[PDB]
Amino acid sequence: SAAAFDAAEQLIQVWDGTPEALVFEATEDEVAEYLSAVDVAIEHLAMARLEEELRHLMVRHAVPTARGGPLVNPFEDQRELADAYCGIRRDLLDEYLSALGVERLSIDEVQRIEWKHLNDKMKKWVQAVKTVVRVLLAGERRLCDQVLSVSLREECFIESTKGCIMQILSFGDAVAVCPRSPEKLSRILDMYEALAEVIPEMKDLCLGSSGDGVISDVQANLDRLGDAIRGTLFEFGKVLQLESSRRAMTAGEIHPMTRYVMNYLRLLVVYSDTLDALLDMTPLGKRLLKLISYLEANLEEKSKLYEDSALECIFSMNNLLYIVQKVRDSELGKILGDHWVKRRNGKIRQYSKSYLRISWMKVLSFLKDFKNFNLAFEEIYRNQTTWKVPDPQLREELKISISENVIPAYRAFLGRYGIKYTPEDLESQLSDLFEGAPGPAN
Amino acid sequence: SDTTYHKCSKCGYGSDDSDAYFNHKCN
Ligand SMILES: [Zn+2]
């Protein structure tokens, strides 16, 4: 009847007259306010729209289970639903990401920030993107499918998502336009690899072809991070090639560059699949090989920064062994191969033989095929004790090689024709060598 | 006869720290 509409119209205006109270905190009440909203829709087929109510209750339902939700909309359509729903979604997702630790940095803010902080902001972002892909985008598809009873649902998922995508793409651009700094390589790759996931996840959750526009942006963003990775790695190779220091490493110790460069290349290999896809043995293989060539070529010229040819060798040994150890003790050895490693061992083998000849030939001349060789020996011991051979095994074998030549040769020379050092004195003084400290004897 | 373990060919920049050298901009 028209009286069944009057009663329906009544309680709506009663509820309209108090927007303070929400309809969805009263058991028998919320049951009644639906039946009224149904008769409005029935009558048309006063405005008595009460949508302003249902639109605000839905807002106050999604913000503080999802059963009141999927009933608010069946009565709402029979547009303003979509625009409202999508809004609150866009808002709540904005807050999730803020909590996660997603800033919207400017270009100036990015360029001025100290690496230690930018590092932690990128770290936060990768975590955020992982969450968005593996949790949120799926959750927002589940909600639209359950809540909305139209397929509109395609529009709602995308409009619920765009804001969330755009906000991560912002910081993607921030790092994309940042000055190229080797520091950042590993992080940019973490970001690239994280962001790559979005497309698969979005392709699985989007039925229609409106998800192509968002996928286009994400691609263009990925491709720029793709550019940022090629440029960063280039800057590393560029700065390595430019390095020309003529300060000799004291005690012939391992050069810090050798430590840094090899640490860097060892870390790249953790990103083989990405780096192989972006660069154009593996493309990374070719690059790793080139970069290590530059390091060797640089270190060879640093070995010529000595008056003593012996220290040139000790330096080349120590640094070339460290390189080979880091290659063999990682997936580097696998990539550039055995033949590469065998050759370096060859070079290290020859460098040691070069030392033993160069340093111990005049000392073995002071005994023939009065003769004071004490100055020769004292001078070697004097400063070769302050030298360093870091590797215990190599240090041991150089000493054993030295002694086995010099000691028996001295037992003969003295034992025949004889007056300062006994052969035991020399054995003990030989054991003090390469300890990076002046030996106790004098 | 440089006084730092790292020295740039292009700009003057030198340092005994590799990280500082490898992330230096050529001035
Ligand atoms: Zn420079």
# chains A, B, ... in the order shown; residues from 1 in each chain; ligands from 1
>>> select_by_dssp(residues="chain B", states="strand (DSSP E)", output="list in words")
residues 6, 7, 14 and 15 of chain B
>>> closest_atom_pairs(of="chain B", to="ligand 1", cutoff="9 Å", atoms="only C-alpha atoms and all ligand atoms", output="JSON lines")
{"residue": "B:7", "atom": "CA", "partner": "ligand 1", "partner_atom_place_in_ligand_line": "1 (Zn)", "distance": 7.9}
{"residue": "B:8", "atom": "CA", "partner": "ligand 1", "partner_atom_place_in_ligand_line": "1 (Zn)", "distance": 4.6}
{"residue": "B:9", "atom": "CA", "partner": "ligand 1", "partner_atom_place_in_ligand_line": "1 (Zn)", "distance": 6.6}
{"residue": "B:10", "atom": "CA", "partner": "ligand 1", "partner_atom_place_in_ligand_line": "1 (Zn)", "distance": 5.1}
{"residue": "B:11", "atom": "CA", "partner": "ligand 1", "partner_atom_place_in_ligand_line": "1 (Zn)", "distance": 4.0}
{"residue": "B:12", "atom": "CA", "partner": "ligand 1", "partner_atom_place_in_ligand_line": "1 (Zn)", "distance": 6.3}
{"residue": "B:13", "atom": "CA", "partner": "ligand 1", "partner_atom_place_in_ligand_line": "1 (Zn)", "distance": 5.5}
{"residue": "B:14", "atom": "CA", "partner": "ligand 1", "partner_atom_place_in_ligand_line": "1 (Zn)", "distance": 8.4}
{"residue": "B:21", "atom": "CA", "partner": "ligand 1", "partner_atom_place_in_ligand_line": "1 (Zn)", "distance": 8.3}
{"residue": "B:24", "atom": "CA", "partner": "ligand 1", "partner_atom_place_in_ligand_line": "1 (Zn)", "distance": 6.4}
{"residue": "B:25", "atom": "CA", "partner": "ligand 1", "partner_atom_place_in_ligand_line": "1 (Zn)", "distance": 5.7}
{"residue": "B:26", "atom": "CA", "partner": "ligand 1", "partner_atom_place_in_ligand_line": "1 (Zn)", "distance": 3.3}
{"residue": "B:27", "atom": "CA", "partner": "ligand 1", "partner_atom_place_in_ligand_line": "1 (Zn)", "distance": 6.2}
>>> interface_residues(of="chain A", to="chain B", cutoff="10 Å", atoms="only C-alpha atoms", output="PyMOL selection string")
chain A and resi 179-184+235-249+255-261+302+305
>>> write_last_selection(atoms="N, CA, C and O atoms", output="compact mmCIF listing (two decimals), in the first residue's frame")
# COMPACT_ATOMS: atom_id res chain seq x y z
N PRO A 179 71.28 10.83 -8.57
CA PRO A 179 72.63 10.68 -9.12
C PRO A 179 73.21 9.27 -8.94
O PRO A 179 73.07 8.71 -7.87
N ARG A 180 73.85 8.75 -10.00
CA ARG A 180 74.40 7.36 -10.03
C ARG A 180 75.58 7.28 -9.06
O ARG A 180 76.53 8.07 -9.19
N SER A 181 75.48 6.35 -8.11
CA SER A 181 76.40 6.18 -6.95
C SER A 181 76.51 4.69 -6.66
O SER A 181 75.52 4.07 -6.25
N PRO A 182 77.67 4.04 -6.91
CA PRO A 182 77.82 2.60 -6.71
C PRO A 182 77.19 2.07 -5.41
O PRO A 182 76.60 1.01 -5.46
N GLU A 183 77.32 2.81 -4.30
CA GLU A 183 76.60 2.59 -3.01
C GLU A 183 75.24 1.91 -3.22
O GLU A 183 74.92 1.01 -2.42
N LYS A 184 74.47 2.38 -4.21
CA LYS A 184 73.00 2.20 -4.30
C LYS A 184 72.64 0.98 -5.16
O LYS A 184 71.47 0.55 -5.08
N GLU A 235 79.15 3.55 -13.86
CA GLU A 235 79.85 4.56 -13.02
C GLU A 235 80.93 3.85 -12.20
O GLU A 235 82.04 4.40 -12.07
N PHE A 236 80.64 2.65 -11.70
CA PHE A 236 81.61 1.79 -10.96
C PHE A 236 82.81 1.48 -11.86
O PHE A 236 83.96 1.72 -11.45
N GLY A 237 82.55 0.95 -13.06
CA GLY A 237 83.60 0.63 -14.05
C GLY A 237 84.38 1.86 -14.47
O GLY A 237 85.60 1.76 -14.68
N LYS A 238 83.69 3.00 -14.58
CA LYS A 238 84.25 4.31 -14.98
C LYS A 238 85.23 4.80 -13.91
O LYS A 238 86.37 5.15 -14.27
N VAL A 239 84.80 4.79 -12.65
CA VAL A 239 85.59 5.28 -11.47
C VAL A 239 86.78 4.34 -11.22
O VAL A 239 87.84 4.84 -10.81
N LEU A 240 86.62 3.04 -11.45
CA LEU A 240 87.70 2.03 -11.34
C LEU A 240 88.80 2.34 -12.36
O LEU A 240 89.99 2.39 -11.96
N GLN A 241 88.42 2.54 -13.63
CA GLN A 241 89.35 2.84 -14.76
C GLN A 241 90.09 4.16 -14.50
O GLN A 241 91.25 4.28 -14.95
N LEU A 242 89.46 5.12 -13.81
CA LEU A 242 90.03 6.47 -13.54
C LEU A 242 91.07 6.41 -12.41
O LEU A 242 91.88 7.35 -12.33
N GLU A 243 91.08 5.35 -11.59
CA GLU A 243 91.93 5.28 -10.37
C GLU A 243 93.40 5.07 -10.77
O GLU A 243 93.68 4.11 -11.52
N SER A 244 94.30 5.92 -10.26
CA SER A 244 95.69 6.08 -10.75
C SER A 244 96.68 6.41 -9.62
O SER A 244 97.76 6.95 -9.95
N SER A 245 96.36 6.08 -8.36
CA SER A 245 97.19 6.40 -7.17
C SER A 245 98.58 5.76 -7.31
O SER A 245 98.66 4.59 -7.72
N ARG A 246 99.61 6.53 -6.97
CA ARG A 246 101.03 6.10 -7.03
C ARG A 246 101.60 6.09 -5.60
O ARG A 246 102.82 6.28 -5.45
N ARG A 247 100.73 5.89 -4.60
CA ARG A 247 101.15 5.60 -3.20
C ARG A 247 101.32 4.09 -3.06
O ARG A 247 100.32 3.36 -3.19
N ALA A 248 102.56 3.65 -2.81
CA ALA A 248 102.93 2.23 -2.62
C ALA A 248 102.29 1.71 -1.33
O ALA A 248 102.35 2.43 -0.31
N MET A 249 101.67 0.53 -1.37
CA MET A 249 101.16 -0.17 -0.17
C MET A 249 102.36 -0.58 0.69
O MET A 249 103.17 -1.42 0.23
N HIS A 255 95.72 -4.24 -1.13
CA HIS A 255 95.21 -2.86 -1.37
C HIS A 255 93.72 -2.79 -1.01
O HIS A 255 92.97 -3.73 -1.28
N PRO A 256 93.25 -1.69 -0.37
CA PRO A 256 91.84 -1.57 0.01
C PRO A 256 90.86 -1.68 -1.17
O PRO A 256 89.79 -2.21 -1.00
N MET A 257 91.25 -1.11 -2.31
CA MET A 257 90.53 -1.21 -3.61
C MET A 257 90.26 -2.68 -3.94
O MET A 257 89.14 -2.98 -4.36
N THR A 258 91.26 -3.55 -3.77
CA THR A 258 91.15 -5.01 -4.02
C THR A 258 90.03 -5.58 -3.14
O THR A 258 89.21 -6.36 -3.67
N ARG A 259 89.99 -5.19 -1.87
CA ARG A 259 88.95 -5.61 -0.89
C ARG A 259 87.59 -5.11 -1.36
O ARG A 259 86.66 -5.94 -1.43
N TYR A 260 87.48 -3.82 -1.70
CA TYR A 260 86.20 -3.16 -2.07
C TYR A 260 85.68 -3.73 -3.39
O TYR A 260 84.50 -4.14 -3.43
N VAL A 261 86.52 -3.72 -4.43
CA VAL A 261 86.13 -4.17 -5.80
C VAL A 261 85.63 -5.62 -5.73
O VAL A 261 84.54 -5.88 -6.26
N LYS A 302 100.70 -0.65 -9.65
CA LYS A 302 100.94 -0.37 -8.21
C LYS A 302 102.09 -1.23 -7.69
O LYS A 302 102.74 -0.81 -6.71
N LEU A 305 105.62 0.38 -8.09
CA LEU A 305 105.89 1.52 -7.17
C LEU A 305 106.80 1.05 -6.02
O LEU A 305 106.47 1.33 -4.86
>>> residues_around(residues="stretch 199-209 of chain A", least_positions_apart="4", cutoff="9 Å", atoms="only C-alpha atoms", output="VMD selection string")
chain A and resid 133 to 134 137 to 138 141 154 157 to 158 195 213 to 215 218 to 219
>>> write_last_selection(atoms="C-alpha atoms", output="PDB file, in the first residue's frame")
ATOM      1  CA  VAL A 133      51.971  -7.340  -4.172  1.00  0.00           C
ATOM      2  CA  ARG A 134      51.776 -10.398  -1.825  1.00  0.00           C
ATOM      3  CA  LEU A 137      46.315  -6.169  -4.218  1.00  0.00           C
ATOM      4  CA  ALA A 138      44.949  -9.731  -3.540  1.00  0.00           C
ATOM      5  CA  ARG A 141      40.319  -8.139  -5.207  1.00  0.00           C
ATOM      6  CA  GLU A 154      36.580  -4.204 -12.735  1.00  0.00           C
ATOM      7  CA  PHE A 157      39.498  -2.817  -8.051  1.00  0.00           C
ATOM      8  CA  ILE A 158      41.541  -0.520 -10.412  1.00  0.00           C
ATOM      9  CA  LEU A 195      58.472  -3.928  -8.553  1.00  0.00           C
ATOM     10  CA  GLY A 213      47.362   1.585 -18.340  1.00  0.00           C
ATOM     11  CA  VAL A 214      48.594   0.906 -14.736  1.00  0.00           C
ATOM     12  CA  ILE A 215      50.802  -1.970 -16.105  1.00  0.00           C
ATOM     13  CA  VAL A 218      54.858   0.203 -13.843  1.00  0.00           C
ATOM     14  CA  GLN A 219      56.732  -0.993 -17.011  1.00  0.00           C
TER      15      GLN A 219
END
>>> residues_around(residues="residue A:342", least_positions_apart="5", cutoff="12 Å", atoms="only C-alpha atoms", output="list in words")
residues 321, 324, 325, 327, 328, 333, 336, 337, 347, 348 and 349 of chain A
>>> write_last_selection(atoms="N, CA and C atoms", output="PDB file, in the first residue's frame")
ATOM      1  N   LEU A 321      96.370 -13.527  -4.889  1.00  0.00           N
ATOM      2  CA  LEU A 321      95.839 -14.660  -4.081  1.00  0.00           C
ATOM      3  C   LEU A 321      94.472 -14.276  -3.501  1.00  0.00           C
ATOM      4  N   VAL A 324      91.821 -14.437  -6.144  1.00  0.00           N
ATOM      5  CA  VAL A 324      91.528 -15.856  -6.513  1.00  0.00           C
ATOM      6  C   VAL A 324      90.714 -16.515  -5.393  1.00  0.00           C
ATOM      7  N   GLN A 325      91.049 -16.238  -4.131  1.00  0.00           N
ATOM      8  CA  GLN A 325      90.343 -16.803  -2.951  1.00  0.00           C
ATOM      9  C   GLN A 325      88.869 -16.383  -2.982  1.00  0.00           C
ATOM     10  N   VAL A 327      87.121 -15.352  -5.552  1.00  0.00           N
ATOM     11  CA  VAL A 327      86.543 -15.989  -6.770  1.00  0.00           C
ATOM     12  C   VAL A 327      86.165 -17.438  -6.435  1.00  0.00           C
ATOM     13  N   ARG A 328      87.104 -18.204  -5.871  1.00  0.00           N
ATOM     14  CA  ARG A 328      86.961 -19.663  -5.604  1.00  0.00           C
ATOM     15  C   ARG A 328      85.997 -19.901  -4.434  1.00  0.00           C
ATOM     16  N   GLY A 333      83.786 -17.944  -9.093  1.00  0.00           N
ATOM     17  CA  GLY A 333      84.593 -19.038  -9.670  1.00  0.00           C
ATOM     18  C   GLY A 333      83.808 -19.821 -10.706  1.00  0.00           C
ATOM     19  N   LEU A 336      83.196 -17.309 -14.214  1.00  0.00           N
ATOM     20  CA  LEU A 336      84.349 -16.953 -15.092  1.00  0.00           C
ATOM     21  C   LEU A 336      85.281 -18.160 -15.283  1.00  0.00           C
ATOM     22  N   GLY A 337      85.065 -19.254 -14.539  1.00  0.00           N
ATOM     23  CA  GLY A 337      85.515 -20.615 -14.907  1.00  0.00           C
ATOM     24  C   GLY A 337      86.846 -21.017 -14.291  1.00  0.00           C
ATOM     25  N   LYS A 347     100.294 -17.499 -12.260  1.00  0.00           N
ATOM     26  CA  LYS A 347     100.915 -16.159 -12.071  1.00  0.00           C
ATOM     27  C   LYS A 347     101.450 -16.041 -10.638  1.00  0.00           C
ATOM     28  N   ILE A 348     100.672 -16.488  -9.644  1.00  0.00           N
ATOM     29  CA  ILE A 348     101.037 -16.457  -8.193  1.00  0.00           C
ATOM     30  C   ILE A 348     102.236 -17.385  -7.971  1.00  0.00           C
ATOM     31  N   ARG A 349     102.223 -18.566  -8.594  1.00  0.00           N
ATOM     32  CA  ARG A 349     103.351 -19.530  -8.537  1.00  0.00           C
ATOM     33  C   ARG A 349     104.624 -18.830  -9.020  1.00  0.00           C
TER      34      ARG A 349
END
>>> residues_around(residues="stretch 353-370 of chain A", least_positions_apart="4", cutoff="10 Å", atoms="only C-alpha atoms", output="tab-separated table (two decimals) with N, CA, C and O atoms, in the first residue's frame")
chain	number	residue	atom	x	y	z
A	308	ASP	N	112.52	-1.94	-4.61
A	308	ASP	CA	112.76	-3.40	-4.41
A	308	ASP	C	111.80	-4.18	-5.32
A	308	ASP	O	110.58	-4.02	-5.16
A	309	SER	N	112.35	-5.00	-6.23
A	309	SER	CA	111.58	-5.90	-7.13
A	309	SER	C	110.98	-7.05	-6.33
A	309	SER	O	109.95	-7.60	-6.77
A	310	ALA	N	111.60	-7.42	-5.21
A	310	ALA	CA	111.11	-8.48	-4.29
A	310	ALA	C	109.74	-8.09	-3.73
A	310	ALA	O	108.84	-8.94	-3.71
A	311	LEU	N	109.60	-6.83	-3.30
A	311	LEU	CA	108.37	-6.31	-2.66
A	311	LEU	C	107.28	-6.18	-3.73
A	311	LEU	O	106.10	-6.40	-3.41
A	312	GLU	N	107.68	-5.86	-4.96
A	312	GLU	CA	106.80	-5.87	-6.17
A	312	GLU	C	106.10	-7.23	-6.25
A	312	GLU	O	104.87	-7.25	-6.44
A	313	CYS	N	106.85	-8.32	-6.08
A	313	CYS	CA	106.35	-9.72	-6.14
A	313	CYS	C	105.43	-10.00	-4.95
A	313	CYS	O	104.27	-10.39	-5.17
A	314	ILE	N	105.93	-9.81	-3.72
A	314	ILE	CA	105.16	-10.08	-2.47
A	314	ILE	C	103.79	-9.39	-2.59
A	314	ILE	O	102.77	-10.03	-2.25
A	317	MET	N	101.69	-11.18	-5.40
A	317	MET	CA	101.28	-12.47	-4.78
A	317	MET	C	100.06	-12.23	-3.88
A	317	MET	O	98.99	-12.78	-4.19
A	348	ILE	N	100.67	-16.49	-9.64
A	348	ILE	CA	101.04	-16.46	-8.19
A	348	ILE	C	102.24	-17.39	-7.97
A	348	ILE	O	103.16	-16.99	-7.23
A	349	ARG	N	102.22	-18.57	-8.59
A	349	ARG	CA	103.35	-19.53	-8.54
A	349	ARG	C	104.62	-18.83	-9.02
A	349	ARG	O	105.65	-18.93	-8.32
A	374	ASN	N	126.83	-10.86	5.94
A	374	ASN	CA	126.05	-10.46	7.14
A	374	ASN	C	125.22	-9.21	6.82
A	374	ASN	O	124.06	-9.15	7.26
A	375	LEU	N	125.80	-8.25	6.08
A	375	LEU	CA	125.14	-6.99	5.65
A	375	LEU	C	123.97	-7.31	4.71
A	375	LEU	O	122.91	-6.66	4.85
A	376	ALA	N	124.16	-8.26	3.80
A	376	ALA	CA	123.10	-8.76	2.88
A	376	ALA	C	121.93	-9.30	3.70
A	376	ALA	O	120.80	-8.80	3.52
A	377	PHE	N	122.20	-10.25	4.60
A	377	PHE	CA	121.19	-10.96	5.44
A	377	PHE	C	120.50	-9.96	6.38
A	377	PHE	O	119.26	-9.90	6.35
A	380	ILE	N	118.03	-7.66	4.54
A	380	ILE	CA	116.80	-8.41	4.15
A	380	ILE	C	115.90	-8.52	5.38
A	380	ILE	O	114.80	-7.94	5.37
A	384	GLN	N	112.26	-6.93	5.63
A	384	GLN	CA	111.37	-8.02	5.14
A	384	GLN	C	110.61	-8.65	6.32
A	384	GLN	O	109.61	-9.34	6.05
A	398	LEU	N	106.88	-19.84	1.66
A	398	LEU	CA	107.97	-18.90	1.28
A	398	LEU	C	109.17	-19.10	2.22
A	398	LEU	O	110.30	-19.15	1.72
A	399	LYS	N	108.91	-19.21	3.52
A	399	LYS	CA	109.97	-19.38	4.56
A	399	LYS	C	110.66	-20.73	4.38
A	399	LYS	O	111.91	-20.76	4.42
A	401	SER	N	110.83	-22.62	1.67
A	401	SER	CA	111.58	-22.48	0.39
A	401	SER	C	112.89	-21.71	0.62
A	401	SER	O	113.94	-22.20	0.17
A	402	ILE	N	112.83	-20.56	1.28
A	402	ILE	CA	114.02	-19.73	1.62
A	402	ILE	C	115.02	-20.61	2.37
A	402	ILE	O	116.12	-20.82	1.84
A	405	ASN	N	117.02	-23.59	0.81
A	405	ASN	CA	118.09	-23.11	-0.09
A	405	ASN	C	119.26	-22.57	0.74
A	405	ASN	O	120.38	-23.10	0.60
A	406	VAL	N	119.00	-21.58	1.60
A	406	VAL	CA	120.04	-20.75	2.29
A	406	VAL	C	120.72	-21.55	3.41
A	406	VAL	O	121.96	-21.43	3.53
A	409	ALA	N	123.24	-24.49	2.40
A	409	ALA	CA	124.31	-23.77	1.67
A	409	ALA	C	125.27	-23.11	2.66
A	409	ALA	O	126.47	-23.00	2.34
A	410	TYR	N	124.76	-22.67	3.82
A	410	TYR	CA	125.55	-21.96	4.87
A	410	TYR	C	126.26	-22.98	5.77
A	410	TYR	O	127.38	-22.68	6.22
A	412	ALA	N	127.46	-25.85	4.77
A	412	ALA	CA	128.60	-26.26	3.91
A	412	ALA	C	129.69	-25.19	3.96
A	412	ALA	O	130.82	-25.52	4.35
A	413	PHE	N	129.36	-23.95	3.58
A	413	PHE	CA	130.29	-22.80	3.44
A	413	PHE	C	131.06	-22.58	4.75
A	413	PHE	O	132.30	-22.44	4.69
A	414	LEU	N	130.35	-22.54	5.88
A	414	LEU	CA	130.94	-22.34	7.23
A	414	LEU	C	131.69	-23.61	7.65
A	414	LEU	O	132.90	-23.50	7.98
A	418	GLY	N	136.09	-21.52	7.62
A	418	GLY	CA	135.77	-20.66	8.78
A	418	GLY	C	137.00	-20.34	9.62
A	418	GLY	O	137.44	-21.26	10.34
A	419	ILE	N	132.03	-15.44	10.69
A	419	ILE	CA	132.09	-16.07	12.04
A	419	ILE	C	131.15	-15.30	12.99
A	419	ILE	O	131.50	-15.13	14.17
>>> residues_around(residues="stretch 83-97 of chain A", least_positions_apart="6", cutoff="10 Å", atoms="only C-alpha atoms", output="PyMOL selection string")
chain A and resi 55-56+58-60+62-63+73+103+125+128-129+131-132+136+140+144+147-148+155-164+167-168
>>> residues_around(residues="stretch 6-10 of chain A", least_positions_apart="2", cutoff="12 Å", atoms="only C-alpha atoms", output="mmCIF file with N, CA, C and O atoms, in the first residue's frame")
data_model
loop_
_atom_site.group_PDB
_atom_site.id
_atom_site.type_symbol
_atom_site.label_atom_id
_atom_site.label_comp_id
_atom_site.auth_asym_id
_atom_site.auth_seq_id
_atom_site.Cartn_x
_atom_site.Cartn_y
_atom_site.Cartn_z
ATOM 1 N N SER A 1 0.859 -1.226 0.000
ATOM 2 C CA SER A 1 0.000 0.000 0.000
ATOM 3 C C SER A 1 0.880 1.257 0.000
ATOM 4 O O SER A 1 2.121 1.111 0.018
ATOM 5 N N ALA A 2 0.254 2.439 -0.030
ATOM 6 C CA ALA A 2 0.908 3.763 0.106
ATOM 7 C C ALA A 2 1.213 4.044 1.584
ATOM 8 O O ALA A 2 2.069 4.912 1.847
ATOM 9 N N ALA A 3 0.536 3.342 2.504
ATOM 10 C CA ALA A 3 0.724 3.427 3.974
ATOM 11 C C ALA A 3 1.965 2.631 4.400
ATOM 12 O O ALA A 3 2.582 3.005 5.419
ATOM 13 N N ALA A 4 2.308 1.568 3.661
ATOM 14 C CA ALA A 4 3.534 0.753 3.845
ATOM 15 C C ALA A 4 4.762 1.544 3.371
ATOM 16 O O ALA A 4 5.878 1.231 3.829
ATOM 17 N N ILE A 12 12.985 6.485 7.991
ATOM 18 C CA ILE A 12 14.129 7.037 7.199
ATOM 19 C C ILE A 12 14.357 8.493 7.624
ATOM 20 O O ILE A 12 15.509 8.840 7.940
ATOM 21 N N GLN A 13 13.296 9.305 7.624
ATOM 22 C CA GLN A 13 13.334 10.740 8.018
ATOM 23 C C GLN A 13 13.703 10.855 9.503
ATOM 24 O O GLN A 13 14.451 11.793 9.846
ATOM 25 N N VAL A 14 13.203 9.935 10.339
ATOM 26 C CA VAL A 14 13.568 9.804 11.783
ATOM 27 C C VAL A 14 15.089 9.614 11.890
ATOM 28 O O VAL A 14 15.719 10.353 12.674
ATOM 29 N N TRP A 15 15.642 8.664 11.126
ATOM 30 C CA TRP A 15 17.096 8.340 11.074
ATOM 31 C C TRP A 15 17.878 9.498 10.448
ATOM 32 O O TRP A 15 18.979 9.801 10.948
ATOM 33 N N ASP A 16 17.329 10.103 9.391
ATOM 34 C CA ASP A 16 17.917 11.271 8.680
ATOM 35 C C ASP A 16 18.042 12.443 9.661
ATOM 36 O O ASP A 16 19.044 13.185 9.570
ATOM 37 N N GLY A 17 17.067 12.579 10.571
ATOM 38 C CA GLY A 17 16.995 13.648 11.586
ATOM 39 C C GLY A 17 18.046 13.509 12.678
ATOM 40 O O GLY A 17 18.146 14.443 13.498
ATOM 41 N N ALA A 32 15.384 -3.369 10.134
ATOM 42 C CA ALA A 32 14.185 -2.585 9.746
ATOM 43 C C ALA A 32 14.528 -1.549 8.664
ATOM 44 O O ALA A 32 13.720 -1.398 7.726
ATOM 45 N N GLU A 33 15.676 -0.867 8.785
ATOM 46 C CA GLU A 33 16.076 0.288 7.927
ATOM 47 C C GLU A 33 16.369 -0.184 6.495
ATOM 48 O O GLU A 33 16.374 0.673 5.590
ATOM 49 N N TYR A 34 16.610 -1.484 6.299
ATOM 50 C CA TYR A 34 16.791 -2.120 4.965
ATOM 51 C C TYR A 34 15.438 -2.256 4.261
ATOM 52 O O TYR A 34 15.338 -1.856 3.084
ATOM 53 N N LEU A 35 14.445 -2.819 4.960
ATOM 54 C CA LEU A 35 13.075 -3.087 4.436
ATOM 55 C C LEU A 35 12.470 -1.794 3.874
ATOM 56 O O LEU A 35 11.781 -1.871 2.837
ATOM 57 N N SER A 36 12.727 -0.658 4.535
ATOM 58 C CA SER A 36 12.276 0.702 4.129
ATOM 59 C C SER A 36 12.954 1.117 2.816
ATOM 60 O O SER A 36 12.241 1.594 1.908
ATOM 61 N N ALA A 37 14.280 0.942 2.736
ATOM 62 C CA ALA A 37 15.132 1.285 1.572
ATOM 63 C C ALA A 37 14.729 0.444 0.352
ATOM 64 O O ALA A 37 14.896 0.939 -0.781
ATOM 65 N N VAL A 38 14.222 -0.775 0.573
ATOM 66 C CA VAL A 38 13.759 -1.708 -0.500
ATOM 67 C C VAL A 38 12.464 -1.163 -1.119
ATOM 68 O O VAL A 38 12.354 -1.203 -2.361
ATOM 69 N N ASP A 39 11.529 -0.676 -0.291
ATOM 70 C CA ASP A 39 10.191 -0.178 -0.718
ATOM 71 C C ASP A 39 10.334 1.104 -1.548
ATOM 72 O O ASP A 39 9.512 1.296 -2.468
ATOM 73 N N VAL A 40 11.316 1.954 -1.224
ATOM 74 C CA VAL A 40 11.687 3.167 -2.016
ATOM 75 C C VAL A 40 11.994 2.734 -3.456
ATOM 76 O O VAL A 40 11.374 3.297 -4.384
ATOM 77 N N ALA A 41 12.908 1.770 -3.621
ATOM 78 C CA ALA A 41 13.341 1.198 -4.920
ATOM 79 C C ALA A 41 12.141 0.577 -5.652
ATOM 80 O O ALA A 41 12.027 0.782 -6.879
ATOM 81 N N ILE A 42 11.283 -0.145 -4.920
ATOM 82 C CA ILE A 42 10.049 -0.811 -5.444
ATOM 83 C C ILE A 42 9.062 0.258 -5.943
ATOM 84 O O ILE A 42 8.517 0.071 -7.051
ATOM 85 N N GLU A 43 8.844 1.327 -5.166
ATOM 86 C CA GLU A 43 7.816 2.375 -5.436
ATOM 87 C C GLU A 43 8.102 3.074 -6.773
ATOM 88 O O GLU A 43 7.151 3.228 -7.565
ATOM 89 N N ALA A 46 8.503 12.923 -2.474
ATOM 90 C CA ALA A 46 9.855 13.041 -1.876
ATOM 91 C C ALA A 46 10.798 12.006 -2.504
ATOM 92 O O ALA A 46 10.334 10.884 -2.800
ATOM 93 N N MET A 47 12.067 12.382 -2.698
ATOM 94 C CA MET A 47 13.133 11.515 -3.271
ATOM 95 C C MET A 47 13.268 10.257 -2.408
ATOM 96 O O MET A 47 13.324 9.153 -2.988
ATOM 97 N N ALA A 48 13.302 10.431 -1.080
ATOM 98 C CA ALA A 48 13.440 9.359 -0.064
ATOM 99 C C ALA A 48 14.632 8.464 -0.426
ATOM 100 O O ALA A 48 14.528 7.234 -0.260
ATOM 101 N N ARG A 49 15.723 9.076 -0.896
ATOM 102 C CA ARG A 49 16.922 8.374 -1.431
ATOM 103 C C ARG A 49 17.690 7.718 -0.277
ATOM 104 O O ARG A 49 18.205 6.605 -0.492
ATOM 105 N N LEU A 50 17.738 8.371 0.893
ATOM 106 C CA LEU A 50 18.513 7.978 2.107
ATOM 107 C C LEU A 50 19.898 7.414 1.743
ATOM 108 O O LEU A 50 20.493 6.736 2.605
#
